[PDB]
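**Q** Here's my sequence, what's the structure:
(one chain, ligands or ions: 3)
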Amino acid sequence: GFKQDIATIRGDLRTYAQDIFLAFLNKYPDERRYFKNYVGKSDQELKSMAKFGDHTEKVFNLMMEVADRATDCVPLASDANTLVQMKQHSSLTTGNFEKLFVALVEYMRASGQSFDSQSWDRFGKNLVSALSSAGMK
Ligand code: HEM
Ligand SMILES: [Xe]
Ligand SMILES: [Xe]
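**A** Residues are numbered from 1 along each chain as shown. Ligands and ions are numbered 1, 2, ... in the order given. Coordinates below:
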């Protein structure tokens, strides 16, 4: 279930964080624009830029932490609050997160792995509802 999936992702954080982020950029290519330094580079070319692996791992670490403090896939208001008020996210709308989670759920379903994708679906939706209640456009 969702709790096992957190263990799974944590177990190989770097690999899942890169594979899922690239699935996101690839499914929704106009999102690359928020990441100036990843414009014009292949999947393999990005995996040797130091900040790409740093960034992806830190994003999914934090995502995993938020996932963990959630109850029944409902995130803490204060976690939602940190995602709105972070400098890096000032330009973002909830539409951006919707996309990440649609790419994340699509990744899970495509893997041969028994992820609880429905639960990740719910979590993404609940995180988007909480981002808005917390003030994100
Ligand atoms: C739950 C999902 C997300 C989490 C947990 C998250 C978290 C983070 C974290 C932790 C960083 C800083 C990494 C570091 O210190 O090196 C970051 C930066 C950033 N985020 Fe997110 N984010 C999420 C979703 C998104 C989405 C959906 C977008 C746009 C589509 C986005 C855009 C950015 C950009 C452009 C940066 C700047 C890169 C950097 O500072 O390294 N984030 N985010
Ligand atoms: Xe992201
Ligand atoms: Xe957070």
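**Q** do stretch 82-99 and ligand 3 meet?
**A** Yes - with C-beta under 6 Å from any ligand atom as the criterion, ligand 3 is reached by stretch 82-99 at 82, 83. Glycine gets a C-beta too; all of them are placed from N, C-alpha and C.
**Q** before we move on, which element is the spatially most central residue of the chain in?
**A** Per C-alpha atoms, centre = their mean, the C-alpha nearest to the average position across the chain is that of residue 100, at 5.5 Å. In the assignment (DSSP states H and E), residue 100 maps to helix 94-110.
**Q** Check which element follows that helix along the chain.
**A** Counting by DSSP H and E, what follows helix 94-110 is helix 117-133.
**Q** Please see if that following helix touches ligand 3.
**A** No - applying C-beta under 6 Å from any ligand atom, one finds helix 117-133 separated from ligand 3 by no less than 9.9 Å.
**Q** Output that helix in CSV with nothing but the alpha carbons.
**A** C-alpha atoms of helix 117-133 as CSV (Å, rounded to 0.1, in the frame of the first residue of the first chain):
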residue,chain,number,x,y,z
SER,A,117,-1.3,4.0,-7.7
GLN,A,118,-4.9,4.8,-6.7
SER,A,119,-3.5,5.9,-3.3
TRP,A,120,-0.8,8.1,-5.1
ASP,A,121,-3.7,9.4,-7.2
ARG,A,122,-5.7,10.4,-4.0
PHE,A,123,-2.6,11.9,-2.4
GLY,A,124,-1.9,14.1,-5.4
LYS,A,125,-5.5,15.3,-5.5
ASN,A,126,-5.5,15.9,-1.7
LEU,A,127,-2.1,17.7,-2.0
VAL,A,128,-3.6,20.0,-4.8
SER,A,129,-6.8,20.7,-2.7
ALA,A,130,-4.5,21.6,0.3
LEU,A,131,-2.2,23.7,-1.9
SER,A,132,-5.2,25.9,-2.9
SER,A,133,-6.7,26.1,0.7
